[PDB]
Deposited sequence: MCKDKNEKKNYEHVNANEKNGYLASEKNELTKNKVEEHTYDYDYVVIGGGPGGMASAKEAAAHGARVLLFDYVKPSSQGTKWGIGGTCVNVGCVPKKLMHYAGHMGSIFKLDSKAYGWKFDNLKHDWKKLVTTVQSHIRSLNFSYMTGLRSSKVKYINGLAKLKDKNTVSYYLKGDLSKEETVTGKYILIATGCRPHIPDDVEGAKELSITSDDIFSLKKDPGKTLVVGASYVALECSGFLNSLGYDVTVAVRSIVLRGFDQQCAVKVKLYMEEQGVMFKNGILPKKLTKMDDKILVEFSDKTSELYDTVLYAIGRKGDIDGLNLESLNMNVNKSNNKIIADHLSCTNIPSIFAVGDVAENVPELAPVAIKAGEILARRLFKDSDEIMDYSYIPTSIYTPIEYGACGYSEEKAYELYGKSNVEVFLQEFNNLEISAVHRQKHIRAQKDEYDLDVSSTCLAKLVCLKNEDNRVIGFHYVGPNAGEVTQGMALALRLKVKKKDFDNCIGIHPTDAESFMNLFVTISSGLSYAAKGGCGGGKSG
């Protein structure tokens, strides 16, 4: 049987590109579509997906801008640096951010052509189980078709603004808009309790904006709540206001500002409203109902098995668009790559979704991998789980007199205190967590932490002498200081 291509993938994000490059290195003729449908506010960007354009990358860059601000304001004087007229320029930051994103667009493109993947900037959809019909440049004037031996859907997600709130869609921005915003954000309401919400709140506030967060959930659902609270608390100390249990019910434009009326009937004027209440699968324009592919609402996500197969044998899904897969770039990339090998290199690897490490870039950072305390109690029983922990002061911070940090390990008593949960709150969380994540995959036990020599002075060494347990009921507060 003959096909135009061996592999045709819809999505030039991390999952799609990885899967495509990898399939081409094992002989396949690959074609990849990436087109960017405009945001609620009509924003668009180049090749690469969510991560490079409107996710991890510009997120991390603005975090650094804000973390920088905190250093000038909180720590610089104590350390002997003096200056005047400290101010921040929103436009300048955006150009630096966008300019570096544009460079990544280019390298990602040249990366595709080197790997021998044909790239088409076209809006794509399913005709039948081996045929994709694309619209070149997204124009509906000229439709084309192409066939493939295997089709991968990796269309990712987009931020969801709710239907049943008046003026939201028309007035608010999302993460697709914030990293390229042409105006100063000004006084800002952020709606949502996800890390995106917390991270954006964080940097806008560090930057010097009056920032409010509206939550009718709990901060960081599914993360360890002790850490989640410590992070929230720290953000409150830094100036971000939280309206707990209240959300906007109406939004009205008036005099280039937004009047927001909340569920509690109170109302408030803002300069910008950023919705960050969750993302949904970008499948609507893919014509999946026609092949009767089973999907889930309200994820709006494709149901795929452990081998990334949909209920259509020639069609596959990796990454954000697939139900129950962690929404991290490295996860989409590895799943993509593994699928590409099972298909075109006769591999029998299976994507492993356990012990995935992650890290949140809030004004105090939090890295984690494995089970939270609560979820460990739930699944193994409280009396079979030991929790080691310690609150402590970061050395560089504690000398300023502006606990900052928490080191927490979650262990299985019946498997010799093998570590199944790692959680760390404090500076450079992503850098600390990576090696630890690896240790958890090697089935590390608590005594292994004890016999490892620590690096002094670092926040990470706290995990190497951790002895207070939750069930000892002893204090794990930060000592000192003075005291």
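Enquirer: What are the missing stretches of the deposited sequence, listed from start to end?
Expert: Several regions go unmodelled: 1-37, 440-455, 537-541.
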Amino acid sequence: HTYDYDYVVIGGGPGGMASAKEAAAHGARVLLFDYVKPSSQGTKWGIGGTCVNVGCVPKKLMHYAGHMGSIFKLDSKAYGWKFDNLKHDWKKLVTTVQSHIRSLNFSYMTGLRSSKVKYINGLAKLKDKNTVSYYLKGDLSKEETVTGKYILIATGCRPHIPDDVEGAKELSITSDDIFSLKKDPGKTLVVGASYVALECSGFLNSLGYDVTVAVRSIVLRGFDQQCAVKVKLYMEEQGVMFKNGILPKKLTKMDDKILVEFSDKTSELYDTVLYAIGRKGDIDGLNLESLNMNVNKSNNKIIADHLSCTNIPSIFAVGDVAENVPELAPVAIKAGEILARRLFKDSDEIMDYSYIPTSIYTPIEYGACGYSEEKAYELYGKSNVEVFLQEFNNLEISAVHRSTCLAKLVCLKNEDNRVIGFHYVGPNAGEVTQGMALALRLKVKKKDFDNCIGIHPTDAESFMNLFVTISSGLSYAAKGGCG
From here on, numbers count along this sequence of modelled residues.
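Enquirer: Between 440-448 and 425-433, name whichever shows the higher mean Cα B factor according to the PDB entry.
Expert: Looking at the record's C-alpha B-factors, the answer is 440-448.
Enquirer: Quick check on the record: does 362-370 or 289-297 carry the larger mean Cα temperature factor?
Expert: For C-alpha atoms only, the mean B-factor is higher in 289-297.
Enquirer: In terms of CA temperature factor as recorded, identify the highest of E143, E237, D177, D271.
Expert: Highest C-alpha B-factor among the listed options: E143.
Enquirer: Please work out which residue in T212, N130, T96, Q226 has the highest C-alpha B-factor recorded for this crystal structure.
Expert: When the deposited C-alpha B-factors of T212, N130, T96, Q226 are compared, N130 is largest.
Enquirer: Ordered by C-alpha B-factor within the chain, which third holds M17? Give me lowest, middle or highest, please.
Expert: Answer is middle: the recorded C-alpha B-factor places it there.
Enquirer: Please place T188 in the lowest, middle or highest third of its chain by C-alpha B factor as given in the entry.
Expert: Lowest third of the chain for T188's C-alpha B-factor.
Enquirer: For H456, does the deposited CA B-factor place it in the lowest, middle or highest third of the chain?
Expert: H456: CA B-factor falls in the lowest third of its chain.
Enquirer: Looking at the temperature factor on the CA atom of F72, which third of the chain's modelled residues does it land in?
Expert: Within its chain, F72 is a middle-third residue by C-alpha B-factor, going by the deposited values.
Enquirer: Lowest, middle or highest third: which one holds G66 when the chain's residues are ordered by CA B-factor from the entry?
Expert: According to the entry, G66 has a C-alpha B-factor in the chain's lowest third.
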